[PDB]
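The lines below spell out each chain.
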Amino acid sequence: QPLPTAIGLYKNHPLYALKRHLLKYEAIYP
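Residues numbered from 1 in each chain as written, not as in the entry; some residues may be left out. Part of a larger assembly, values for the part shown. Heavy atoms only, no water.

- The record lists cryo-EM as the method behind this PDB entry and 3.6 Å as its resolution.

Below you can see the structure in the form of structure tokens.
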């Protein structure tokens, strides 16, 4: 499973995340 083929699958994904899918209190660190 290299990557899901759909962007919408990354929303609330247990293992993957996207910058556009970050919530108000969520951010990528580091």
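### Quick look at the packing of aromatic side chains
Each pair of aromatic rings is reported with the distance of its centres and the angle of its planes.
Step number 1: If you walk through the whole model with that rule in mind, you get one aromatic pair.
Step number 2: Judged by centre distance (6.2 Å) and plane angle (40°), the rings of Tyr10 and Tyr16 are tilted.
Step number 3: By relative accessible area, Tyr10 is classed as buried at 9%.
Step number 4: Residue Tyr16 is classed as partly exposed on the basis of its relative accessible area of 28%. (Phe/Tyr/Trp six-rings, centres within 6.5 Å; stacked < 30°, edge-to-face > 60°. Buried < 20%, exposed > 50% of the residue type's maximum accessible area, 1.4 Å probe, protein only.)

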